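pasting the structure only:
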């Protein structure tokens with residue numbers, strides 16, 4: 001583990017579409033799980049999937065401020081009952097490397113694991129917005 005290379009800088013987008021589970025997985029069933037993004041000591045929870053099923057949607061959007069260091073987004077799922085810091089039904093790793101290269105990433109089902117076990121997949125979209133020509 002060694003740093004050095006430089007990174008981009010600007011605004012980041014996070015479209016929390018939905019999250020589907022496996023065929024034989026009691027993930028997000030009979031509950032109100034919510035997603036929690038994290039970008040530089042900055043997280044944001046989404047609406048509470050009230051009785052949505054194994055496919056709780058949100059169709060939300062979270063904008064973050066990138067500034068080196070951060071090259072991936074953290075998405076943890078829990079239960080409106082529980083707390084971000086208690087027990088996360090699962091989690092997913094959304095890298096901004098593809099968004100930083102492409103500048104816009106569609107809503108893809110990101111592998112959702114929990115401690116190491118594959119819970120399912122989380123659909124999320126990313127969109128980077130580098131401070132182009134403004135001051136001039």
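Yep, that arrived. Numbers count the residues shown, from 1 in each chain.

going forward, measure contacts and count neighbours with C-alpha atoms only.
OK.

Quick one: residues contacting the closest residue to residue 114 other than its chain neighbours.
Closest residue in space to residue 114, ignoring its immediate chain neighbours: residue 90 at 4.1 Å, by CA to CA, 6 or more residues apart in numbering. Counting by CA atoms under 8 Å, 6 or more residues apart in numbering, residue 90 makes contact with 76, 77, 78, 112, 113, 114, 115, 119.

Who does residue 90 form a beta bridge with?
residue 77 (DSSP bridges).

Quick check: it vs residue 39, distance?
Remark: distance between residue 90 and residue 39 (CA to CA, to the nearest Å) = 18 Å.

now residue 84
Remark: distance between residue 84 and residue 39 (CA to CA) = 15 Å.

When these two are compared, which one has more neighbours?
Neighbour count, other CA atoms under 10 Å: between residue 84 and residue 39, residue 39 has more, with 20 against 17.

Determine the three-state secondary structure at the nearest residue to the more buried one once chain neighbours are set aside.
Leaving aside its sequence neighbours, residue 39 sits nearest to residue 73 (CA to CA, 6+ apart; 5.9 Å). When classified by DSSP: H, G, I helix; E, B strand; the rest coil, residue 73 comes out as strand.
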